[PDB]
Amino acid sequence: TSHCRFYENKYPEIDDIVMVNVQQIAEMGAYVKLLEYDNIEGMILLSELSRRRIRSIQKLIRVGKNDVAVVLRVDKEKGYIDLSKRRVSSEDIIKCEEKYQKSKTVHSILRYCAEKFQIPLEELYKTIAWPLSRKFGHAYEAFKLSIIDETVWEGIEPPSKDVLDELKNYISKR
């Protein structure tokens, strides 16, 4: 449709560095959404927001803004996810931002097709993006590689040869 998770796994793994958007700041901590996992809910309790004891949170974290966090716990039965901002090194922030930007581009591209050819976005991910990602590490890389090498598309069975062409074609411009 118009939204779908970036990766194959529904939930992130522990120790994963995810990009998040801060929805609000409660008394227990911050509520955020995982931009890369179709906006599922995640929490960062106070002691994990920083070392200091804020007692004036809206000062350190600004609502509506993105941020980087590490996954500490994941309860798949209830859908709860515990994250930390504290523990993220400055290097992790840079790596996370780079990956997100790439995943964002891939998504934006696949979205173009999803609409145009009127097909469910998740099918394209399952049929193009993830498989390519499984082979070249990240779909974004495969897309760039495809520009200079057709052998990339080998094995990929799109929903219809028609879409694959519009894709090959779209990746070219810009």
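Each residue number is its position in the shown sequence, starting from 1.
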State which stretch shows the higher mean Cα B factor in the entry: 119-127 or 28-36. 119-127
Once you work out the mean C-alpha B-factor for both 148-156 and 18-26 from the entry, which is higher? 148-156
Out of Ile54, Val70, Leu110, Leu45, which one has a C-alpha B factor higher than all the others in the entry? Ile54
Of the three thirds of the chain ranked by Cα temperature factor, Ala142 occupies the middle
So where's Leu132 on the chain's Cα temperature factor ranking, which third? middle
